[PDB]
Amino acid sequence: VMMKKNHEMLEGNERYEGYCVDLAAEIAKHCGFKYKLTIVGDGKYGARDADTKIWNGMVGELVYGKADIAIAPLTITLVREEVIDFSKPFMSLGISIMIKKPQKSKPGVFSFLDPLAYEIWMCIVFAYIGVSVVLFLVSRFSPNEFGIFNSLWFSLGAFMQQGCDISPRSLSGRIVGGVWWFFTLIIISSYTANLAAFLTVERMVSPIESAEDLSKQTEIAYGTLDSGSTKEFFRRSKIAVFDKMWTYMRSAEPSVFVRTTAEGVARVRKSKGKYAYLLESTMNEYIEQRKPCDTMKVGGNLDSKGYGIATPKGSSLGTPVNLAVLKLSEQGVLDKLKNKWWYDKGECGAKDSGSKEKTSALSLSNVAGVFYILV
Amino acid sequence: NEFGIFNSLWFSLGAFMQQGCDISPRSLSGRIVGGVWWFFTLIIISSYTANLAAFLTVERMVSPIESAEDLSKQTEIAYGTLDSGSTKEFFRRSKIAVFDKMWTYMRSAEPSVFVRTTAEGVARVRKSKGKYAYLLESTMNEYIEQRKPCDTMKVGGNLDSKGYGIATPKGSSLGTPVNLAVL
Amino acid sequence: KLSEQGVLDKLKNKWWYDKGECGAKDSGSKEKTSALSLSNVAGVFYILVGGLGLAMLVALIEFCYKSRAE
Ligand SMILES: N[C@@H](CCC(=O)O)C(=O)O
Ligand SMILES: N[C@@H](CCC(=O)O)C(=O)O
């Protein structure tokens with residue numbers, strides 16, 4: 001169900017748009033009836049409390065006779081099965097994960113010297129000053145070619161390990177040439193090892209996807225849509241990883257249950273990966289093809305539930321639906337529409353298809369400012 | 001003047017190749033450039049060392065073959081399913097355009113359009129080593145990955161929603177007592 | 001009556017699991033290595049500047065033997 005460019009100027013069933021809107025006409029053509037479209041007054045699919053079990057959501061609208069035939073992406077479950085009637089599943093689906101997409105993090109224009117501290121580089125500069133000054137005082141005691149331009153240049157070639165032009169010949173000149181070598185031998189090797197430290201830590205980082213690691217990770221929070229089936233699929237469960245999720249989500253503070261899907265998307269974008277989200281397979285896929293393009297699907301699908309056309313207990317019109325659901329699956333009119341709205345959204349640009357070339361081999365931005373100092 | 005155009009390539013080369021060159025510049029205008037060229041290489045030689053340790057320390061696995069889209073683009077792999085069953089007909093009922101490219105190439109397969117033994121498609125993929133693929137039941141793939149020859153891998157996800165039912169003849173004497181006993 | 005089935009025991013599973021954990025969760029990936037301190041390499045400067053002053057000591061003792069040339 002979509003909005004419309006003529007949200008106010010247009011009237012009737014044409015006021016909105018979408019898969020089920022056109023699919024309603026597909027049933028209305030085949031079954032031969034007239035329909036009036038309504039919106040759920042709550043804004044939620046269906047709850048069932050430890051209470052009088054009034055279905056706060058679209059189910060109670062359909063149980064209590066306000067609606068006649070419900071058309072919605074609604075989960076076929078046993079708890080709904082005993083209280084309303086379902087058609088055959090027209091779409092395959094599963095529980096899936098939406099997270100903040102781990103994007104290209106911003107490097108530094110002087111990120112190459114990050115394994116050292118700027119306090120160290122400040123001392124390296126200051127040590128480079130005095131050693132040339134001390135050697136020159138050692139050199140020019142005339143009561144020799146190491147002038148002030150030579151003593152800087154000899155110390156510069158010493159520190160870069162690129163050889164030297166000449167050598168000191170007096171004993172005290174060789175002494176300061178000795179200790180400067182043992183100085184720079186540590187510092188270069190210390191720089192190389194700590195540079196390897198960042199790169200080995202970076203590859204050690206595991207992007208969590210199996211959802212058991214997500215259950216073992218407490219920094220990334222995770223929540224579901226309330227008053228539906230995903231909130232209830234983890235209520236009654238059997239797997240210890242599912243129960244630990246439910247033990248985490250029951251004992252969660254603050255409220256990980258979000259009233260609508262869009263605010264559930266909104267918490268993920270603000271969190272920069274702090275807040276994960278659980279939703280259906282098809283609904284997670286459609287947000288990927290839209291264009292913030294910062295949501296991706298990790299892991300495999302949990303189970304295989306289904307969407308079905310809902311009729312109340314005793315509605316005679318549910319069996320002609322059972323005709324048309326089979327017939328439009330035979331011709332593929334389901335698939336004719338199930339294709340149509342999902343390759344239409346190519347507007348993300350398919351950024352995942354052309355950005356899977358990530359590797360630990362450096363970008364130029366890792367070593368960019370070295371060229372800046374060079375040029 | 002010793003820095004010819006044939007000389008200046010050589011001085012810059014050994015500075016890049018960590019080798020001390022005999023001929024040094026003798027000007028403040030010249031010595032700056034060879035100075036910063038030294039500091040150029042001193043990072044990059046070290047950066048090549050540090051990154052190459054990381055490939056040797058942390059290993060990664062290369063498998064771009066998942067999620068059934070990458071199956072559909074790469075035409076180097078041959079698919080494998082079981083005849084006289086669901087997968088023989090479920091892809092024969094290919095209506096989805098990505099599944100149309102499957103079944104046409106599944107009909108354009110040689111020699112194994114199908115296999116006949118589930119344990120033989122296990123054996124064939126072990127000898128296939130990147131030439132042949134095998135599509136099958138999910139918990140069948142999972143169970144063989146729990147058995148330990150450990151040369152097995154599940155990729156992608158469930159292509160269909162399926163389930164196993166107790167086959168009873170139509171008008172069974174005990175079909176509905178079975179169905180309640182299932183419940 | 002408690003100990004025969006473990007009402008002592010099974011409740012001791014729960015209340016000791018209940019209050020959160022501080023274990024192998026933060027030994028593995030709650031660290032990133034930092035830049036080196038100066039204090040990691042400070043003693044080289046003490047060897048460096050300590051080597052600097054003793055060079056001037058031998059510079060002074062050179063001229064003592066240089067004046068001995070007589
Ligand atoms: N399609 C789902 C949405 C709510 C949920 O994921 O729990 C349903 O109607 O049950
Ligand atoms: N259980 C399946 C096995 C064969 C197949 O997957 O195609 C059947 O009898 O149809």
# chains A, B, ... in the order shown; residues from 1 in each chain; ligands from 1
$ residues_near_ligand --ligand "ligand 2" --cutoff "8 Å" --atoms "only C-alpha atoms and all ligand atoms" --output "PyMOL selection string"
chain B and resi 81-90+136-137+164
$ residues_around --residues "residue 25 (chain C)" --least-positions-apart "6" --cutoff "9 Å" --atoms "only C-alpha atoms" --output "PyMOL selection string"
chain A and resi 216-218
$ write_last_selection --atoms "N, CA, C and O atoms" --output "CSV table (one decimal), in the first residue's frame"
chain,number,residue,atom,x,y,z
A,216,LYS,N,25.2,-13.2,20.8
A,216,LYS,CA,26.3,-13.1,21.7
A,216,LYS,C,26.9,-11.7,21.8
A,216,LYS,O,27.8,-11.5,22.7
A,217,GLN,N,26.4,-10.8,21.0
A,217,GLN,CA,27.0,-9.4,21.0
A,217,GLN,C,26.0,-8.5,21.7
A,217,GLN,O,24.8,-8.4,21.3
A,218,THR,N,26.4,-7.8,22.8
A,218,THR,CA,25.6,-7.0,23.5
A,218,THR,C,25.6,-5.5,23.1
A,218,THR,O,24.8,-4.7,23.5
$ closest_atom_pairs --of "chain A" --to "ligand 1" --cutoff "8 Å" --atoms "only C-alpha atoms and all ligand atoms" --output "Markdown table"
| residue | atom | partner | partner_atom_place_in_ligand_line | distance |
| --- | --- | --- | --- | --- |
| A:44 | CA | ligand 1 | 4 (C) | 8.0 |
| A:45 | CA | ligand 1 | 9 (O) | 5.2 |
| A:46 | CA | ligand 1 | 10 (O) | 7.1 |
| A:72 | CA | ligand 1 | 9 (O) | 7.3 |
| A:73 | CA | ligand 1 | 1 (N) | 4.9 |
| A:74 | CA | ligand 1 | 9 (O) | 3.4 |
| A:75 | CA | ligand 1 | 10 (O) | 4.2 |
| A:76 | CA | ligand 1 | 10 (O) | 7.5 |
| A:95 | CA | ligand 1 | 6 (O) | 7.8 |
| A:224 | CA | ligand 1 | 7 (O) | 7.3 |
| A:225 | CA | ligand 1 | 7 (O) | 5.7 |
| A:226 | CA | ligand 1 | 7 (O) | 6.4 |
| A:227 | CA | ligand 1 | 7 (O) | 6.4 |
| A:228 | CA | ligand 1 | 7 (O) | 3.3 |
| A:229 | CA | ligand 1 | 7 (O) | 3.3 |
| A:230 | CA | ligand 1 | 7 (O) | 3.5 |
| A:231 | CA | ligand 1 | 7 (O) | 5.3 |
| A:232 | CA | ligand 1 | 7 (O) | 6.9 |
| A:233 | CA | ligand 1 | 7 (O) | 7.7 |
| A:278 | CA | ligand 1 | 6 (O) | 7.9 |
| A:279 | CA | ligand 1 | 6 (O) | 5.4 |
| A:280 | CA | ligand 1 | 6 (O) | 5.9 |
| A:307 | CA | ligand 1 | 1 (N) | 7.4 |
$ write_last_selection --atoms "N, CA and C atoms" --output "JSON list (two decimals), in the first residue's frame"
[["chain", "number", "residue", "atom", "x", "y", "z"],
["A", 44, "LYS", "N", -1.53, -1.15, 13.22],
["A", 44, "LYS", "CA", -0.77, -2.33, 13.60],
["A", 44, "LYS", "C", -1.48, -3.57, 13.06],
["A", 45, "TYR", "N", -0.73, -4.66, 12.93],
["A", 45, "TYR", "CA", -1.26, -5.86, 12.32],
["A", 45, "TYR", "C", -2.18, -6.62, 13.27],
["A", 46, "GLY", "N", -1.64, -7.13, 14.37],
["A", 46, "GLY", "CA", -2.46, -7.85, 15.31],
["A", 46, "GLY", "C", -1.75, -8.28, 16.57],
["A", 72, "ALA", "N", -3.63, -7.97, 3.14],
["A", 72, "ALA", "CA", -2.50, -7.40, 3.85],
["A", 72, "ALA", "C", -1.34, -8.37, 3.76],
["A", 73, "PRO", "N", -0.10, -7.88, 3.87],
["A", 73, "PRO", "CA", 1.03, -8.79, 4.10],
["A", 73, "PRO", "C", 0.99, -9.36, 5.51],
["A", 74, "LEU", "N", 0.14, -10.36, 5.72],
["A", 74, "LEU", "CA", -0.17, -10.87, 7.04],
["A", 74, "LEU", "C", 0.33, -12.30, 7.19],
["A", 75, "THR", "N", 0.98, -12.58, 8.31],
["A", 75, "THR", "CA", 1.65, -13.85, 8.52],
["A", 75, "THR", "C", 0.64, -14.95, 8.83],
["A", 76, "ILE", "N", 0.72, -16.05, 8.08],
["A", 76, "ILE", "CA", -0.10, -17.23, 8.33],
["A", 76, "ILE", "C", 0.52, -17.99, 9.50],
["A", 95, "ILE", "N", 11.94, -14.50, 8.18],
["A", 95, "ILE", "CA", 12.50, -13.48, 9.05],
["A", 95, "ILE", "C", 13.91, -13.15, 8.58],
["A", 224, "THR", "N", 12.25, -5.61, 17.27],
["A", 224, "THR", "CA", 11.27, -6.06, 16.29],
["A", 224, "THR", "C", 10.07, -5.12, 16.28],
["A", 225, "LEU", "N", 9.24, -5.28, 15.25],
["A", 225, "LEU", "CA", 7.95, -4.60, 15.20],
["A", 225, "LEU", "C", 7.01, -5.23, 16.21],
["A", 226, "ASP", "N", 6.33, -4.39, 16.99],
["A", 226, "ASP", "CA", 5.39, -4.92, 17.96],
["A", 226, "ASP", "C", 4.05, -5.25, 17.29],
["A", 227, "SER", "N", 3.25, -6.05, 18.00],
["A", 227, "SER", "CA", 1.87, -6.38, 17.64],
["A", 227, "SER", "C", 1.77, -7.05, 16.27],
["A", 228, "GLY", "N", 2.63, -8.03, 16.05],
["A", 228, "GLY", "CA", 2.61, -8.80, 14.82],
["A", 228, "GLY", "C", 2.90, -10.25, 15.10],
["A", 229, "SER", "N", 3.68, -10.86, 14.21],
["A", 229, "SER", "CA", 4.09, -12.24, 14.37],
["A", 229, "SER", "C", 5.53, -12.40, 14.80],
["A", 230, "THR", "N", 6.41, -11.48, 14.39],
["A", 230, "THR", "CA", 7.82, -11.57, 14.76],
["A", 230, "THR", "C", 8.01, -11.37, 16.25],
["A", 231, "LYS", "N", 7.21, -10.49, 16.85],
["A", 231, "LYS", "CA", 7.16, -10.37, 18.30],
["A", 231, "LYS", "C", 6.64, -11.66, 18.94],
["A", 232, "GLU", "N", 5.77, -12.38, 18.24],
["A", 232, "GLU", "CA", 5.20, -13.60, 18.78],
["A", 232, "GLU", "C", 6.00, -14.84, 18.39],
["A", 233, "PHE", "N", 6.73, -14.79, 17.27],
["A", 233, "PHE", "CA", 7.54, -15.93, 16.86],
["A", 233, "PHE", "C", 8.69, -16.18, 17.83],
["A", 278, "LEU", "N", 14.82, -6.63, 13.03],
["A", 278, "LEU", "CA", 14.34, -7.90, 12.49],
["A", 278, "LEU", "C", 13.02, -7.65, 11.78],
["A", 279, "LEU", "N", 12.89, -8.17, 10.56],
["A", 279, "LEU", "CA", 11.66, -8.02, 9.80],
["A", 279, "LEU", "C", 11.60, -9.11, 8.74],
["A", 280, "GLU", "N", 10.55, -9.04, 7.93],
["A", 280, "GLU", "CA", 10.28, -10.07, 6.93],
["A", 280, "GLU", "C", 11.25, -9.97, 5.77],
["A", 307, "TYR", "N", 2.14, -15.35, 3.43],
["A", 307, "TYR", "CA", 1.09, -14.35, 3.39],
["A", 307, "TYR", "C", -0.16, -14.96, 2.78]]
$ interface_residues --of "chain A" --to "chain B" --cutoff "7 Å" --atoms "only C-alpha atoms" --output "ChimeraX atom specification"
/A:92,160,162-163,165,192,195-196,199-200,203,300-301,304,370,374
$ write_last_selection --atoms "N, CA and C atoms" --output "PDB file, in the first residue's frame"
ATOM      1  N   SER A  92       6.408 -16.336  -0.787  1.00  0.00           N
ATOM      2  CA  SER A  92       7.349 -16.963   0.124  1.00  0.00           C
ATOM      3  C   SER A  92       8.196 -15.895   0.803  1.00  0.00           C
ATOM      4  N   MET A 160      67.036   7.990   7.380  1.00  0.00           N
ATOM      5  CA  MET A 160      66.227   7.367   6.344  1.00  0.00           C
ATOM      6  C   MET A 160      66.748   6.002   5.924  1.00  0.00           C
ATOM      7  N   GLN A 162      69.144   5.306   4.015  1.00  0.00           N
ATOM      8  CA  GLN A 162      69.489   5.276   2.602  1.00  0.00           C
ATOM      9  C   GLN A 162      70.971   5.514   2.376  1.00  0.00           C
ATOM     10  N   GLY A 163      71.805   4.987   3.257  1.00  0.00           N
ATOM     11  CA  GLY A 163      73.226   5.156   3.122  1.00  0.00           C
ATOM     12  C   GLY A 163      73.669   6.529   3.591  1.00  0.00           C
ATOM     13  N   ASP A 165      76.948   9.757   2.681  1.00  0.00           N
ATOM     14  CA  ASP A 165      77.915  10.242   1.708  1.00  0.00           C
ATOM     15  C   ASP A 165      79.336   9.965   2.187  1.00  0.00           C
ATOM     16  N   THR A 192      57.073  -0.040  11.894  1.00  0.00           N
ATOM     17  CA  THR A 192      56.629  -1.087  10.988  1.00  0.00           C
ATOM     18  C   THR A 192      55.739  -2.087  11.705  1.00  0.00           C
ATOM     19  N   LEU A 195      52.367  -0.570  12.575  1.00  0.00           N
ATOM     20  CA  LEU A 195      51.581  -0.473  11.354  1.00  0.00           C
ATOM     21  C   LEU A 195      50.973  -1.817  10.999  1.00  0.00           C
ATOM     22  N   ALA A 196      51.693  -2.900  11.284  1.00  0.00           N
ATOM     23  CA  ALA A 196      51.115  -4.223  11.113  1.00  0.00           C
ATOM     24  C   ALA A 196      50.061  -4.506  12.168  1.00  0.00           C
ATOM     25  N   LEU A 199      46.586  -3.360  10.855  1.00  0.00           N
ATOM     26  CA  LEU A 199      46.067  -4.136   9.740  1.00  0.00           C
ATOM     27  C   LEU A 199      45.665  -5.539  10.173  1.00  0.00           C
ATOM     28  N   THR A 200      46.329  -6.090  11.189  1.00  0.00           N
ATOM     29  CA  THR A 200      45.935  -7.405  11.681  1.00  0.00           C
ATOM     30  C   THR A 200      44.717  -7.320  12.594  1.00  0.00           C
ATOM     31  N   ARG A 203      41.601  -6.913  10.085  1.00  0.00           N
ATOM     32  CA  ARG A 203      41.129  -8.150   9.486  1.00  0.00           C
ATOM     33  C   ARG A 203      40.569  -9.111  10.521  1.00  0.00           C
ATOM     34  N   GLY A 300      21.039 -15.807   6.720  1.00  0.00           N
ATOM     35  CA  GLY A 300      20.003 -16.500   5.997  1.00  0.00           C
ATOM     36  C   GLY A 300      18.658 -16.294   6.674  1.00  0.00           C
ATOM     37  N   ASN A 301      17.605 -16.668   5.955  1.00  0.00           N
ATOM     38  CA  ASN A 301      16.250 -16.509   6.454  1.00  0.00           C
ATOM     39  C   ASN A 301      15.982 -17.523   7.553  1.00  0.00           C
ATOM     40  N   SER A 304      10.099 -20.253   7.026  1.00  0.00           N
ATOM     41  CA  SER A 304       9.369 -20.003   5.782  1.00  0.00           C
ATOM     42  C   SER A 304       7.882 -19.932   6.116  1.00  0.00           C
ATOM     43  N   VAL A 370      51.165  11.195   1.859  1.00  0.00           N
ATOM     44  CA  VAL A 370      52.573  10.987   1.557  1.00  0.00           C
ATOM     45  C   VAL A 370      52.922  11.626   0.221  1.00  0.00           C
ATOM     46  N   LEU A 374      55.222  14.754  -0.688  1.00  0.00           N
ATOM     47  CA  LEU A 374      56.170  14.574  -1.782  1.00  0.00           C
ATOM     48  C   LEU A 374      56.047  15.691  -2.812  1.00  0.00           C
TER      49      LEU A 374
END
$ closest_atom_pairs --of "chain C" --to "chain A" --cutoff "8 Å" --atoms "only C-alpha atoms" --output "JSON lines"
{"residue": "C:25", "atom": "CA", "partner": "A:217", "partner_atom": "CA", "distance": 7.5}
{"residue": "C:29", "atom": "CA", "partner": "A:205", "partner_atom": "CA", "distance": 7.3}
{"residue": "C:32", "atom": "CA", "partner": "A:201", "partner_atom": "CA", "distance": 6.9}
{"residue": "C:33", "atom": "CA", "partner": "A:198", "partner_atom": "CA", "distance": 6.9}
{"residue": "C:34", "atom": "CA", "partner": "A:115", "partner_atom": "CA", "distance": 6.8}
{"residue": "C:35", "atom": "CA", "partner": "A:115", "partner_atom": "CA", "distance": 4.3}
{"residue": "C:36", "atom": "CA", "partner": "A:116", "partner_atom": "CA", "distance": 5.3}
{"residue": "C:37", "atom": "CA", "partner": "A:117", "partner_atom": "CA", "distance": 6.4}
{"residue": "C:38", "atom": "CA", "partner": "A:120", "partner_atom": "CA", "distance": 5.5}
{"residue": "C:44", "atom": "CA", "partner": "A:183", "partner_atom": "CA", "distance": 6.4}
{"residue": "C:45", "atom": "CA", "partner": "A:183", "partner_atom": "CA", "distance": 7.7}
{"residue": "C:47", "atom": "CA", "partner": "A:179", "partner_atom": "CA", "distance": 7.7}
{"residue": "C:48", "atom": "CA", "partner": "A:179", "partner_atom": "CA", "distance": 6.1}
{"residue": "C:51", "atom": "CA", "partner": "A:179", "partner_atom": "CA", "distance": 6.4}
{"residue": "C:52", "atom": "CA", "partner": "A:176", "partner_atom": "CA", "distance": 6.4}
{"residue": "C:55", "atom": "CA", "partner": "A:172", "partner_atom": "CA", "distance": 5.3}
{"residue": "C:56", "atom": "CA", "partner": "A:138", "partner_atom": "CA", "distance": 7.1}
{"residue": "C:58", "atom": "CA", "partner": "A:172", "partner_atom": "CA", "distance": 6.0}
{"residue": "C:59", "atom": "CA", "partner": "A:172", "partner_atom": "CA", "distance": 6.0}
{"residue": "C:63", "atom": "CA", "partner": "A:143", "partner_atom": "CA", "distance": 7.7}
$ atom_distance --atom1 "CA of residue 139 (chain B)" --atom2 "CA of residue 235 (chain A)"
24.4 Å
$ select_by_dssp --residues "region 31-92 of chain A" --states "helix (DSSP H, G or I)" --output "tab-separated table (two decimals) with N, CA, C and O atoms, in the first residue's frame"
chain	number	residue	atom	x	y	z
A	31	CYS	N	-13.48	-12.51	-9.36
A	31	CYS	CA	-14.61	-12.92	-8.54
A	31	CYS	C	-15.87	-12.11	-8.83
A	31	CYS	O	-16.97	-12.55	-8.50
A	58	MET	N	-5.36	-5.30	12.79
A	58	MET	CA	-6.20	-5.61	11.64
A	58	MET	C	-7.03	-6.86	11.84
A	58	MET	O	-8.04	-7.02	11.15
A	59	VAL	N	-6.61	-7.76	12.73
A	59	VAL	CA	-7.34	-9.00	12.93
A	59	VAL	C	-8.66	-8.73	13.63
A	59	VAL	O	-9.72	-9.20	13.19
A	60	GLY	N	-8.63	-7.94	14.71
A	60	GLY	CA	-9.85	-7.57	15.40
A	60	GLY	C	-10.79	-6.72	14.58
A	60	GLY	O	-12.00	-6.75	14.81
A	61	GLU	N	-10.25	-5.96	13.62
A	61	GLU	CA	-11.09	-5.31	12.63
A	61	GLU	C	-11.80	-6.34	11.76
A	61	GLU	O	-12.94	-6.12	11.32
A	62	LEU	N	-11.14	-7.47	11.50
A	62	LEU	CA	-11.70	-8.52	10.66
A	62	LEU	C	-12.47	-9.55	11.48
A	62	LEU	O	-13.37	-10.20	10.94
A	63	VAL	N	-12.13	-9.73	12.75
A	63	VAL	CA	-12.89	-10.64	13.61
A	63	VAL	C	-14.25	-10.03	13.94
A	63	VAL	O	-15.29	-10.69	13.81
A	78	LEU	N	-0.54	-20.34	13.34
A	78	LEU	CA	-1.55	-21.21	13.93
A	78	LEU	C	-2.47	-20.44	14.86
A	78	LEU	O	-3.65	-20.78	14.99
A	79	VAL	N	-1.95	-19.41	15.53
A	79	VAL	CA	-2.77	-18.62	16.44
A	79	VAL	C	-3.80	-17.80	15.67
A	79	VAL	O	-4.96	-17.68	16.08
A	80	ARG	N	-3.41	-17.28	14.51
A	80	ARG	CA	-4.39	-16.67	13.62
A	80	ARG	C	-5.27	-17.70	12.92
A	80	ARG	O	-6.39	-17.37	12.53
A	81	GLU	N	-4.78	-18.94	12.77
A	81	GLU	CA	-5.52	-19.94	12.01
A	81	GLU	C	-6.79	-20.38	12.73
A	81	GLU	O	-7.82	-20.63	12.09
$ closest_residue --among "A:251, A:87, A:132, A:363" --to "residue 317 (chain A)" --atoms "only C-alpha atoms"
A:87
$ select_by_dssp --residues "region 59-289 of chain A" --states "strand (DSSP E or B)" --output "PyMOL selection string"
chain A and resi 70+75+84-86+92+95-100+221-225+258+275-280
$ write_last_selection --atoms "N, CA, C and O atoms" --output "compact mmCIF listing (two decimals), in the first residue's frame"
# COMPACT_ATOMS: atom_id res chain seq x y z
N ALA A 70 -9.85 -9.17 4.40
CA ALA A 70 -8.63 -8.43 4.70
C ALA A 70 -7.57 -8.80 3.67
O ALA A 70 -7.32 -9.98 3.42
N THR A 75 0.98 -12.58 8.31
CA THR A 75 1.65 -13.85 8.52
C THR A 75 0.64 -14.95 8.83
O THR A 75 -0.19 -14.81 9.73
N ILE A 84 -9.41 -16.94 12.39
CA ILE A 84 -9.87 -16.50 11.08
C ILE A 84 -9.46 -17.56 10.06
O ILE A 84 -8.84 -18.56 10.39
N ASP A 85 -9.81 -17.31 8.80
CA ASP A 85 -9.53 -18.25 7.72
C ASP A 85 -8.53 -17.65 6.75
O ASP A 85 -8.51 -16.43 6.54
N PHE A 86 -7.71 -18.51 6.15
CA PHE A 86 -6.67 -18.10 5.23
C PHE A 86 -6.82 -18.78 3.88
O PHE A 86 -7.37 -19.88 3.78
N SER A 92 6.41 -16.34 -0.79
CA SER A 92 7.35 -16.96 0.12
C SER A 92 8.20 -15.90 0.80
O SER A 92 8.51 -14.86 0.20
N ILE A 95 11.94 -14.50 8.18
CA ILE A 95 12.50 -13.48 9.05
C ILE A 95 13.91 -13.15 8.58
O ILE A 95 14.72 -14.05 8.32
N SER A 96 14.21 -11.86 8.44
CA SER A 96 15.51 -11.41 7.96
C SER A 96 15.98 -10.22 8.79
O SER A 96 15.21 -9.62 9.54
N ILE A 97 17.26 -9.89 8.64
CA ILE A 97 17.90 -8.88 9.48
C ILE A 97 18.20 -7.65 8.65
O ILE A 97 18.75 -7.75 7.55
N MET A 98 17.85 -6.48 9.17
CA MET A 98 18.26 -5.21 8.59
C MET A 98 19.19 -4.50 9.56
O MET A 98 18.85 -4.33 10.74
N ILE A 99 20.36 -4.09 9.07
CA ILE A 99 21.33 -3.36 9.86
C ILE A 99 21.75 -2.12 9.09
O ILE A 99 21.41 -1.93 7.92
N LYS A 100 22.50 -1.26 9.78
CA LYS A 100 23.25 -0.22 9.11
C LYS A 100 24.31 -0.87 8.24
O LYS A 100 25.07 -1.72 8.71
N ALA A 221 22.33 -3.52 19.66
CA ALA A 221 20.98 -3.82 20.10
C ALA A 221 20.15 -4.28 18.91
O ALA A 221 20.53 -4.08 17.75
N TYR A 222 19.02 -4.92 19.20
CA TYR A 222 18.16 -5.46 18.15
C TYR A 222 16.73 -5.51 18.64
O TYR A 222 16.47 -5.95 19.76
N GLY A 223 15.80 -5.05 17.80
CA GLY A 223 14.40 -5.02 18.15
C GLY A 223 13.53 -5.42 16.97
O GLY A 223 14.01 -5.58 15.85
N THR A 224 12.25 -5.61 17.27
CA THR A 224 11.27 -6.06 16.29
C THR A 224 10.07 -5.12 16.28
O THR A 224 9.89 -4.29 17.17
N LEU A 225 9.24 -5.28 15.25
CA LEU A 225 7.95 -4.60 15.20
C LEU A 225 7.01 -5.23 16.21
O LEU A 225 6.90 -6.46 16.30
N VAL A 258 9.10 -1.28 18.30
CA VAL A 258 8.78 -0.02 17.63
C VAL A 258 7.39 -0.15 17.03
O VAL A 258 7.04 -1.21 16.49
N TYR A 275 21.93 -0.31 16.59
CA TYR A 275 20.61 -0.91 16.71
C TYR A 275 20.27 -1.70 15.45
O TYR A 275 20.10 -1.13 14.37
N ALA A 276 20.18 -3.02 15.60
CA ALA A 276 19.78 -3.90 14.52
C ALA A 276 18.27 -4.04 14.53
O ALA A 276 17.59 -3.60 15.47
N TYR A 277 17.73 -4.64 13.48
CA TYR A 277 16.29 -4.75 13.33
C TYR A 277 15.94 -6.05 12.62
O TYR A 277 16.66 -6.50 11.73
N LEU A 278 14.82 -6.63 13.03
CA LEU A 278 14.34 -7.90 12.49
C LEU A 278 13.02 -7.65 11.78
O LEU A 278 12.13 -7.00 12.34
N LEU A 279 12.89 -8.17 10.56
CA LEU A 279 11.66 -8.02 9.80
C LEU A 279 11.60 -9.11 8.74
O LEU A 279 12.46 -9.99 8.66
N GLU A 280 10.55 -9.04 7.93
CA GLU A 280 10.28 -10.07 6.93
C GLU A 280 11.25 -9.97 5.77
O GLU A 280 11.99 -8.99 5.62
$ closest_atom_pairs --of "region 145-172 of chain B" --to "region 117-128 of chain B" --cutoff "10 Å" --atoms "only C-alpha atoms" --output "CSV"
residue,atom,partner,partner_atom,distance
B:149,CA,B:126,CA,9.7
B:151,CA,B:126,CA,7.0
B:152,CA,B:126,CA,7.9
$ atom_distance --atom1 "CA of residue 369 (chain A)" --atom2 "CA of residue 106 (chain A)"
14.1 Å
$ atom_distance --atom1 "CA of residue 72 (chain B)" --atom2 "CA of residue 99 (chain B)"
8.5 Å
$ residues_around --residues "residue 104 (chain B)" --least-positions-apart "3" --cutoff "10 Å" --atoms "only C-alpha atoms" --output "list in words"
residues 91, 92, 94, 99, 100, 101, 107, 108 and 109 of chain B
$ closest_residue --among "A:372, A:42, A:212, A:349" --to "residue 245 (chain A)" --atoms "only C-alpha atoms"
A:212
